[PDB]
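*Asks:* Make a model of this:
(chains A, B, C, D, E, F, G, H and I, ligands or ions: 5)
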Amino acid sequence: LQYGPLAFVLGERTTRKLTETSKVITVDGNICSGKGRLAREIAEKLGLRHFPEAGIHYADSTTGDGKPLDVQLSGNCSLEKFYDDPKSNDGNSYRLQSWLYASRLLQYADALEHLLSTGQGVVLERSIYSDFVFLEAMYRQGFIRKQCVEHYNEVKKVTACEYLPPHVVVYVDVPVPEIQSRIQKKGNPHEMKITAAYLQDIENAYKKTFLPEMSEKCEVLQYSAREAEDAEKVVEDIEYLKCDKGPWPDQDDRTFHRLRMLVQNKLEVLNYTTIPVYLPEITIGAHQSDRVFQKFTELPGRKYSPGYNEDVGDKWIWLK
Amino acid sequence: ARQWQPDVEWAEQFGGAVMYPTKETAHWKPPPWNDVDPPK
Amino acid sequence: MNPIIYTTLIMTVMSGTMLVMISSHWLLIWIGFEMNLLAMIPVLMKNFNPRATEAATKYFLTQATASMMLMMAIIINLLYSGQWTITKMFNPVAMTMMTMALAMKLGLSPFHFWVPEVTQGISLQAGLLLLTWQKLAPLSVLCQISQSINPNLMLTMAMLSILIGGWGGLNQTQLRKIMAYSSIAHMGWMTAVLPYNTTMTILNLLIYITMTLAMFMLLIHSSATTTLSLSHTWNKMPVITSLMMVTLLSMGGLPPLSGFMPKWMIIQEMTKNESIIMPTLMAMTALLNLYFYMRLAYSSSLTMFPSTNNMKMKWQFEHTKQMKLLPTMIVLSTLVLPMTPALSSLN
Amino acid sequence: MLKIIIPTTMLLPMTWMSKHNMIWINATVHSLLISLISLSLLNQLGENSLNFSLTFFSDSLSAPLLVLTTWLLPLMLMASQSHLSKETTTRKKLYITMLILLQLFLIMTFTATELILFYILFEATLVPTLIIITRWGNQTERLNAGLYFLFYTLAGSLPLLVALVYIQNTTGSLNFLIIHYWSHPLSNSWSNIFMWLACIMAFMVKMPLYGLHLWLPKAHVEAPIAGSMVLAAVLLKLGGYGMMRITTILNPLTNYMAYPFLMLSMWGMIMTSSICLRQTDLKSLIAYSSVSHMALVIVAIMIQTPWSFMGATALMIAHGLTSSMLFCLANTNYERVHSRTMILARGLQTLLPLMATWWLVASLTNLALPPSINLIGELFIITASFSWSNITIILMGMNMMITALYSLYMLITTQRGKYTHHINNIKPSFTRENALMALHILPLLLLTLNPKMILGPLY
Amino acid sequence: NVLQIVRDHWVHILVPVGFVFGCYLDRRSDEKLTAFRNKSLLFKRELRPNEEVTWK
Amino acid sequence: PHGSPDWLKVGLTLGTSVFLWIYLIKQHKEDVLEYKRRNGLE
Amino acid sequence: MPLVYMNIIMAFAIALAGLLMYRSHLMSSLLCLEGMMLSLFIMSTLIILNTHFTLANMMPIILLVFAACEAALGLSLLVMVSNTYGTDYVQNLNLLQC
Amino acid sequence: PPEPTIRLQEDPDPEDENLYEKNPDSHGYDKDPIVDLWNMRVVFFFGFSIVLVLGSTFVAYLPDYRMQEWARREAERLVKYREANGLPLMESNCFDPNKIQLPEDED
Amino acid sequence: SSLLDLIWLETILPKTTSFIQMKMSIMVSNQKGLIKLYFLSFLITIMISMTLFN
Ligand SMILES: CCCCCCCCCCCCCCCCC[C@@H](O)O[C@H](CO[C@H](O)CCCCCCCCCCCCCCC)COP(=O)(O)OCC[N+](C)(C)C
Ligand SMILES: CCCCCCCCCCCCCCCCC[C@@H](O)O[C@H](CO[C@H](O)CCCCCCCCCCCCCCC)COP(=O)(O)OCC[N+](C)(C)C
Ligand SMILES: CCCCCCCCCCCCCCCCC[C@@H](O)O[C@H](CO[C@H](O)CCCCCCCCCCCCCCC)COP(=O)(O)OCC[N+](C)(C)C
Ligand SMILES: CCCCCCCC/C=C\CCCCCCCC(=O)O[C@H](COC(=O)CCCCCCC/C=C/CCCCCCCC)COP(=O)(O)OCCN
Ligand SMILES: Nc1ncnc2c1ncn2[C@@H]1O[C@H](COP(=O)(O)OP(=O)(O)O)[C@@H](O)[C@H]1O
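*Replies:* Numbers count the residues shown, from 1 in each chain, chains lettered A, B, ... in the order given. Ligands and ions are numbered 1, 2, ... in the order given. Below is the structure:
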């Protein structure tokens, strides 16, 4: 018996599972910062569940087996090509940006459905909110066009006009020279090609737009690099602040039911991610799309529904 | 050697609010993707 | 809204329709219409936005005016003959006003203007309800007084409705407006055979209801409200696009599909009454409905439109909420021509 | 008649249950077996008919058309085997399903004891052909072509349905036997004039008649090879079969209502034969030749004499075979050139001699060389028209000359001369193409031995 | 090999069997119309001593 | 996802089909018996 | 048919024409609807009382009740429209078009 | 104008695959040599060997259901009868006028 | 070829029909969405029906 209107009618009221502990938290910062360790420690200390940052093949892990698929069958883009030649002729940068945004939207939907179905809180990295800063970094540097950012704004507004922003936003503030030094120490050959202007643009956008906009409706934790390793202070400040300005206190059982309808049925979550406006970076013609779809359908566990694949090992097919 | 299939230029014929818009109706815009209008 | 409230409102709509159909008193029929209108408004506004509120207020205004005209027709009929039973109306003026009220309730031309706007404003499920269940009551009332209607007024209104539906379906890109104009055309087809045989009207209503239920179910299955969003569907569920193309062919009246059954039958009945010109004009006019069905079929399945990069992710997820009776609706809407003589059951 | 309808229906589950690399073999073998079974219907009798049941009956006009329809499908499968090689198994099965459905509809249409069932199947044939034209068509114009191929036809036949039911409201039945036995003359009245027009214009448009033929070049050029085969060979003869069946109730009005159509056909044969002389496309040339031959058949049907009917039947059969073979040859050239232009590929007898021989035989058959059945129908219609009026021969004679001209022109431009230097992808002709050509051409020369099998019920 | 070709060649009998089925159906259709058997004014014949029906 | 064949639903479906078939056969036999009785065939 | 019934029908027709005019101010449209209902109520009451059809005395009050319910419904819709636009002019209802 | 001038992401048009290059003795039915050879065999056997020859012989030896020789013998005996007894061969009237009731006019 | 087949025979039947249907569709579907005009037309048709059909 999957959750539905009948479940809500009979027993399933999800406002009872909330115990003030849910408090969805996003830990976000600049590239290759300490935000990941902070998020993991916050999840460990507060007893929440940590969701790793969404990548190119995040959606591949949630469907069927967790093994990622081929780049052509899932994403059609690579971060390494973006680092090597950000001004690529084939529009790899914005294809990467849109795929990452859609993956983050799916991850946010998964975190929300877990929170609403179990009552346990979650910890996230950069959500659908604060993703746009990378878009800004791609535009100010001249890597992508203006029609691209208009597309991203349209898709972002349409998708995110219906989700609840996180209770607490935690920002790990790291200076650009310091993060450049850490990038140099990391040794990833593609990441040493990042310019100082890119990081400066990303940081400025994060401080200028993300911090005040989330200030008036949420609680903000602007923490420095040295004071971020002490996760006990972070968790104490999480407990100390109280949420009474966001829409979460204004929330009710019926709209929780509507949200729990939205978070499941992922096809409705990603419905507006494929709006029919034709930018050369994202649009794909009939022949290539047909070939890629046929190639995808030939995968061992993708021809039929998950429970109806003979080669995988599904038995008693003719009675399911 | 390849079967012709519709491209972006052909597909944009149906992107308008109404087929073959007139000069009066040229400025008309299709409805929003979601059926929600800004509160302006 | 709350599932209990939604279920109660749906039950109220259906009970108002049933009260209209089973009542032998004009006041009870008016009460059923009032109940239906009262309970229909929140259904149109289930998803709150300016568009739904606009559609709901337009619908309320139109239906309230139609109900007031119907009540005045009842009052005049009572004045000129102290009878409340639904029978011979005994008064031409009351008959004309009743016909106009019922046509405005149905959406027949020239009272067709509200249908496309209300259908465009409301969602797909609301449009399904509005175009399927909202025709049972006015058509039943019209069939009960079939011997009373002036044939000239009914036939000219039906011809106007068919013409307007066929012409207006050509200019539409949004699918909901297309379905609204198709509903207008089918209403015109049904109301043209009331003076001759109500069994043909009921058969056409059943076939149209099946076809439009199948079409709205298919449009719900693949979240498409415009032509291009429908064209994007082939890259994920080609079976849905093929079934929708077959259904669209059926709605156009192409044999040996189910949609040919009503028109043919209706035409044959209208040939029994020495009427030849009018079925010919209706056929040539329904050619326009067929044309825009063909254009939608070209844009949907018979060609492959360009896709987007994000659709790959949609490949990995399955349609969770699976609706029932859809295969049955498609089968009845496509392959019931050999069972035509079954219309003798006086459905 | 069910002994042939049932195997055609069972062709569908066999195709849908077959292996991904064995559908063509099964389809071809079982289609040939069905054609062999359908050869039994050719044993007609001078008496009334082969009235199998209340729903199906066979005559010596329906029997040759049924045999040709059954024989066409294997040829279409062999022709389509090539360009559907890179096609997915499901879509290939869908294509074969469309072909099988079209054959089933045509088979049920050609027996059709009752007229309303005949009309229903007549219009049921429109859907698979439209799907084939609009889906598996190479060029961008196919959609428009499909639209034309639809609407013209429907515009012709929507009045007919009304006329049909009107007849059943007055006569009381639409069974062809009762219609023939209870025939009554049509008085000279405006209502009878419009009933005649409604009955005739339905089949005039699909034949097609000159002035209503604009859909045909588009439909034949834009359709795939199998679509061109089925349109030129069988789907054109539906109008002639319908006219010969329905003219039993239009007398004596036709005696003066056929003048506009006789004039239109007798001038359109010349117009289309002259159009064929200056054409930059092979498929358009073949389509216009088909229009000319069908205009001659229309003239024959409008004359309404026994020799006219015999010539019309023979010409329909011969033209179907010849046009199918010509379209196959044009497609074989196109599959190597990928241009569909007469003057781009030249001097092909130096590179493909057997294909040049096939081209010569097809051109000679189109040129109406005796003692082929083409010329049998030609001479029968010509003598019947001469009896109708001694002046018609003039026009007819002109047509004949012009015919030969463009035929040899099509043979000379494409085969003779110097080869195109910059075309080096002319591979030797496969065994499949040569077998297709032989299976097209041998039945013609075997039928010329026994003409009475295709001369109709008035032999 | 038995039990293996049948898994691959069971479709081959599909068309032929239907054929004989159709033949059977044709015979069934014939029985309904026997309303004038040996009653024709042209082929009216006296039955043979060991004959029951002129045609089947 | 990971779901075993629901024996309850399978049993319900099979039982419904068998019951409907048996009821149809019984109804047909009763109808033919009543028809023969009313028209005096057997 | 006496002149009082003619006057009532004229009033109903005038109210219907005023409703169908739509100069502006949907509130006036609801007012015209209520005037039509009032004319209907008066005419029905006069007809029922004149003929001494006792059991029909139930009909008018019921009518009024139902109609008044619809009135409330309309008002609610109007209010919501205003809350979207700040005003109730008819021309603001032009987003949905044929 | 930094636009890529590429309207969309498209596969290049593939070149046609020659059947002879990978398979001499192709017969041009399929890219699988065994399936292609058996397709050729069955097509030839069922078209030329089975239908073309046996069907032609079946049509040639069809029984005379058209009543041509029957009409020959009937006409022969009729001509013999009419010549022997001096009858005027063919009669201009199909039906005997004694069985036709013409409508009296008296105009 | 050009004057008759490709121009006039194309202009008479199909192109004229397409033009007429397109113009009628444009006229029918060119509605600004104002209920003012809708109910003015409703008043006009209500007025015309009583006079014409009685
Ligand atoms: C798409 C094709 C149509 C499908 C229609 C839906 C099929 C499922 C419906 C389930 C059963 C329907 C009715 C339930 C049976 C019991 C109710 C029955 O007792 O009511 C009778 C009502 O009879 C039913 O309507 C007959 C049901 C049969 C409907 C199917 C006819 C369709 C024929 C052509 C399409 C081919 C259909 C193929 C299979 C669906 C009593 O009639 P009555 O109250 O005294 O007279 C009222 C009607 N008047 C006013 C016109 C005189
Ligand atoms: C475009 C591609 C081809 C499509 C088909 C073309 C062929 C259609 C033509 C149909 C047949 C002719 C039409 C009318 C035939 C009636 C006989 C008439 O020609 O003869 C004269 C009739 O004169 C005039 O024709 C009378 C009618 C005049 C008005 C009709 C319009 C004529 C031109 C219209 C052209 C439009 C063509 C396109 C239509 C969409 C003799 O007058 P009369 O002996 O006393 O009366 C004969 C009829 N009776 C016996 C029943 C009483
Ligand atoms: C290539 C180089 C030459 C090699 C070959 C050398 C041999 C030469 C022979 C070739 C032609 C020479 C003429 C010899 C003809 C002799 C046979 C002919 O006379 O028989 C004919 C018989 O031919 C057949 O009737 C015609 C062929 C059957 C046509 C069916 C086509 C096969 C089906 C294919 C699909 C159908 C598609 C079209 C639909 C209709 C006429 O028979 P008929 O004189 O009367 O009486 C026969 C005896 N009776 C009295 C007992 C009855
Ligand atoms: C590719 C385009 C072709 C389009 C079709 C062309 C042919 C159109 C012919 C007319 C169509 C309808 C004819 C009606 C069907 C026959 C029924 C009949 O004959 O009954 C008549 C009815 O006759 C009519 O109603 C005919 C009226 C025609 C109405 C439709 C007009 C369509 C256009 C007319 C001009 C076209 C003619 C030439 C077309 C050339 C081809 C384009 C008698 O009626 P009663 O009342 O029972 O008897 C009277 C005594 N009591
Ligand atoms: N929206 C984006 N655009 C471009 N690159 C991104 C985007 N989001 C994440 N990345 C890349 O993902 C990599 C790892 O993510 P990041 O948070 O920066 O470091 P960490 O793995 O330690 O959490 C980085 O190289 C970062 O650049």
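*Asks:* What's the local residue count around residue D:85?
*Replies:* 13 (other Cβ atoms under 10 Å in any protein chain shown). Using the backbone N, CA and C atoms, a C-beta is placed for each residue, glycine as well.
*Asks:* what's it in contact with, if anything?
*Replies:* With contacts taken as Cβ atoms under 8 Å, 6 or more residues apart in numbering or on different chains, residue D:85 has the following neighbours: H:30-31.
*Asks:* which residues in the chain form helices?
*Replies:* Using chain A here. Using DSSP state H, the helices assigned to chain A run over residues A:5-10, A:35-46, A:58-62, A:79-84, A:92-118, A:132-140, A:146-160, A:176-186, A:196-205, A:211-215, A:231-240, A:253-263, A:266-269, A:286-297.
*Asks:* Oops, wrong one, chain F.
*Replies:* Under DSSP H, chain F gives helices at F:7-39.
*Asks:* distance of the most centrally placed residue in chain B from chain H?
*Replies:* For chain B, the residue nearest the mean C-alpha position is residue B:15 (1.7 Å; Cα atoms, centre = their mean). Residue B:15 sits 15 Å away from chain H, going by Cβ to the nearest Cβ, to the nearest Å.
*Asks:* what sits against that residue?
*Replies:* Residue B:15 is in contact with A:276-277, B:30, C:173, C:228, counting by Cβ under 8 Å, 6+ apart.
*Asks:* Let me see the contact set for residue C:271.
*Replies:* Counting by Cβ under 8 Å, 6+ apart, residue C:271 makes contact with C:279, D:162, D:165-166, D:169.
*Asks:* now what about the helix or strand hosting residue C:101, what contacts it?
*Replies:* Under the assignment given by DSSP states H and E, the secondary-structure element containing residue C:101 is helix C:92-106. Judged by Cβ under 8 Å, 6+ apart, the contacts made with helix C:92-106 from elsewhere in the structure are C:33, C:62-63, C:65-67, C:69-70, C:72-74, C:76-77, C:80, C:89, C:111, C:135, C:137-139, C:141-142, C:145, C:148-150, C:153-154, C:157, C:187, C:191, I:42, I:46, I:49-50, I:53-54.
*Asks:* coming back round to it: would you turn the helices of chain A into a markdown table with mean neighbour count?
*Replies:* Supplementary listing: the helices of chain A in a markdown table, determined by neighbours: other Cβ atoms under 10 Å in any protein chain shown:
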| stretch | mean neighbour count |
| --- | --- |
| helix A:5-10 | 14 |
| helix A:35-46 | 19 |
| helix A:58-62 | 20 |
| helix A:79-84 | 16 |
| helix A:92-118 | 22 |
| helix A:132-140 | 21 |
| helix A:146-160 | 17 |
| helix A:176-186 | 14 |
| helix A:196-205 | 17 |
| helix A:211-215 | 14 |
| helix A:231-240 | 14 |
| helix A:253-263 | 17 |
| helix A:266-269 | 20 |
| helix A:286-297 | 18 |
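*Asks:* To residue C:248, which of those helices lies closest?
*Replies:* Taking Cβ to Cβ as the measure, the helices of chain A were each checked against residue C:248, and helix A:286-297 came out nearest at 20.5 Å.
*Asks:* Stretch D:251-264 near chain I at all?
*Replies:* No - between stretch D:251-264 and chain I, judged by Cβ under 8 Å from any Cβ of the partner chain, nothing touches; the nearest distance is 11.5 Å.
*Asks:* quick one: the helix or strand just after the helix holding residue C:101 near chain I?
*Replies:* Remark: after helix C:92-106, the chain's next helix or strand is helix C:114-121, criterion DSSP H and E. Yes - taking Cβ under 8 Å from any Cβ as the criterion, helix C:114-121 and chain I are in contact, through C:114, C:117.
*Asks:* then the following helix or strand past helix C:114-121 to CSV, C-alphas only?
*Replies:* Per DSSP H and E, the first helix or strand lying C-terminal to helix C:114-121 is helix C:124-132. As requested, C-alpha coordinates have been extracted for helix C:124-132 and formatted as CSV (Å, rounded to 0.1, in the frame of the first residue of the first chain):
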residue,chain,number,x,y,z
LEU,C,124,-6.5,18.4,-17.3
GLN,C,125,-8.6,16.4,-14.8
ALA,C,126,-11.0,19.3,-14.4
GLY,C,127,-11.2,19.6,-18.2
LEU,C,128,-12.0,15.8,-18.4
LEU,C,129,-14.8,16.2,-15.9
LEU,C,130,-16.2,19.3,-17.5
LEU,C,131,-16.2,17.8,-21.0
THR,C,132,-17.5,14.4,-20.0
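*Asks:* Now helix C:124-132: buried residues?
*Replies:* For helix C:124-132, a neighbour-count test (16 or more other Cβ atoms under 10 Å in any protein chain shown) marks C:124, C:126-132 as buried.
*Asks:* Stretch D:68-87 too?
*Replies:* D:68-84.
*Asks:* Which members of those are positioned in helices?
*Replies:* Using DSSP H, D:68-83 are the members of the buried residues of stretch D:68-87 that sit in helices.
*Asks:* Tell me the one among these nearest to chain B.
*Replies:* For these, the closest approach to chain B (Cβ to the nearest Cβ) belongs to residue D:83, at 9.2 Å.
*Asks:* any idea how far that closest one is from residue D:227?
*Replies:* Taking Cβ to Cβ, to the nearest Å as the criterion, residue D:83 is separated from residue D:227 by 12 Å.
*Asks:* Could you export the helices of chain A to CSV, including columns for distance to chain E?
*Replies:* Compiled in CSV, the helices of chain A are given as follows (distance: least, Cβ to the nearest Cβ, whole Å):
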stretch, distance to chain E
helix A:5-10, 45
helix A:35-46, 55
helix A:58-62, 36
helix A:79-84, 47
helix A:92-118, 43
helix A:132-140, 56
helix A:146-160, 49
helix A:176-186, 58
helix A:196-205, 61
helix A:211-215, 64
helix A:231-240, 64
helix A:253-263, 46
helix A:266-269, 37
helix A:286-297, 24
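*Asks:* Nearest approach to chain B belongs to which of those helices?
*Replies:* Chain B lies closest to helix A:286-297 among the helices of chain A, at 3.7 Å (Cβ to the nearest Cβ).
*Asks:* Can that closest one be said to contact chain D?
*Replies:* Yes - contact of helix A:286-297 with chain D is found when judged by Cβ under 8 Å from any Cβ, involving residue A:294.
*Asks:* Would you mind pulling the contact partners of that helix?
*Replies:* Among residues not part of helix A:286-297, those counted as contacts by Cβ under 8 Å, 6+ apart are A:69, A:72-73, A:76, A:284, A:302-303, B:2, B:5-6, C:235-236, C:303-307, C:311-312, C:315, D:88, H:9-11.
*Asks:* by contact count, what packs against the helix or strand hosting residue C:52?
*Replies:* Assignment of secondary structure by DSSP H and E places residue C:52 within helix C:50-80. On a contact count with 3 or more Cβ pairs under 8 Å, 6 or more residues apart in numbering or on different chains; DSSP states H and E, helix C:50-80 meets helix C:26-44, helix C:92-106, helix C:114-121, helix G:3-21, helix G:26-50, helix G:58-85, helix I:35-52.
*Asks:* buried set for it?
*Replies:* The neighbour-count criterion (16+ other Cβ under 10 Å) identifies C:50-79 as the buried residues of helix C:50-80.
*Asks:* Quickly name whichever of the ones in helices among the buried residues of stretch D:68-87 is closest to chain A.
*Replies:* Top of the list for closeness to chain A, among those and by Cβ to the nearest Cβ, is residue D:83 at 15.7 Å.
*Asks:* my guess is that closest one meets residue D:332, correct?
*Replies:* No - look at residue D:83 against residue D:332 with Cβ atoms under 8 Å: they stay out of range, at 11.1 Å.
*Asks:* Closest residue of chain G to chain E?
*Replies:* Checking chain G residue by residue against chain E with Cβ to the nearest Cβ singles out residue G:98 as nearest, at 53.7 Å.
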